[PDB]
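# Observations on the three-dimensional arrangement
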Amino acid sequence: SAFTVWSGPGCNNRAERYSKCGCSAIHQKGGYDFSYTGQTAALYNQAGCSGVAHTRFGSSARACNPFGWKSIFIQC
């Protein structure tokens, strides 16, 4: 599975993704999309998932709201 994000306002600008296994600290403060495909994913309010999860996903979630976490973890 892969995560996608834009820097602002929502998902209408910069294009940067995070699909690699484990987690990655996002800096794009705009939109936040997701695409499930066997691999589950959850957000972490602290960079490099150095804490507990907050918002999990099981299906592609193409949101374009402001941020709410710092990094995205995706199992493999």
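Residues are labelled from 1 along each chain in written sequence order, independent of how the entry numbers them, and those without coordinates are excluded. Water and hydrogen atoms were dropped before computing side-chain values, which therefore reflect all heavy atoms in the structure.

For this deposition, the record names solution NMR as the technique by which the model was determined.

## A closer look at the state of the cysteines
We call a pair of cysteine sulfur atoms a disulfide whenever their separation is within 2.5 Å. Counting across every chain of the model gives 3 disulfides. Across the disulfide, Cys 21 is cross-linked to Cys 76 (sulfur-sulfur distance 2.0 Å). Residues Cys 21 and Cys 76 are joined by a disulfide whose S-S torsion is about -85 degrees; by sign, that bridge is left-handed. Taken together, the residues span a long stretch of sequence, with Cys 21 in the loop between β2 (16-18) and β3 (22-25) and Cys 76 in the segment after β7 (71-74) at a distance of 55 residues. Residue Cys 21 is classed as partly exposed on the basis of its relative accessible area, which comes to 44%. Each residue is assigned to one of three classes by its accessible area relative to the maximum for its type, calculated with a 1.4 Å probe on protein chains only: buried under 20%, partly exposed between the two thresholds, exposed over 50%. For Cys 76, a relative accessible area of 76% gives the class exposed. Put simply, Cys 23 and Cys 49 are joined by a disulfide, and their sulfur atoms are 2.0 Å apart. On the sign convention where negative is left-handed, the bridge of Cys 23 and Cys 49, at about -80 degrees about the S-S bond, is left-handed. Helix and strand assignments follow DSSP, with helices taken as H or I runs no shorter than four residues and strands as E runs no shorter than two, numbered in order from the N terminus.

## Quick notes on the sheet that holds strand β4 (residues 32-35)
The criterion for strand pairing is that DSSP finds at least two bridges linking the strands in question. An order of β2-β1-β4 is seen for the 3 strands of this open sheet, with the pairing classed as antiparallel. The open sheet has two free edges, formed respectively by β2 and β4, since each of these has just one partner strand. Strand-to-strand, the axes of this sheet are offset by a mean angle of 25 degrees, without reference to chain direction. Both strand β1 (residues 2-5) and β4 contribute to a ladder of 4 bridges, which runs antiparallel. Paired with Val 5 across the two strands is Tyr 32, which belongs to β4. The angle between two axes is taken between their N-to-C directions and runs from 0 to 180 degrees, where each axis is a line fitted to C-alpha atoms and a helix contributes only its stretch in contact.

## Comments concerning unusual backbone geometry
Across the junction of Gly 8 and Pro 9, the peptide omega takes the value 10 degrees, indicating a cis bond. Examined against the element boundaries, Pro 9 turns out to sit in the loop between β1 and β2. Positioned with a positive phi, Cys 49 is a non-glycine residue whose angle comes to about 40 degrees. As for its position among the elements, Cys 49 is in the loop between β5 (41-44) and β6 (53-57). Judged by relative accessible area, which is 22%, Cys 49 ranks as partly exposed.

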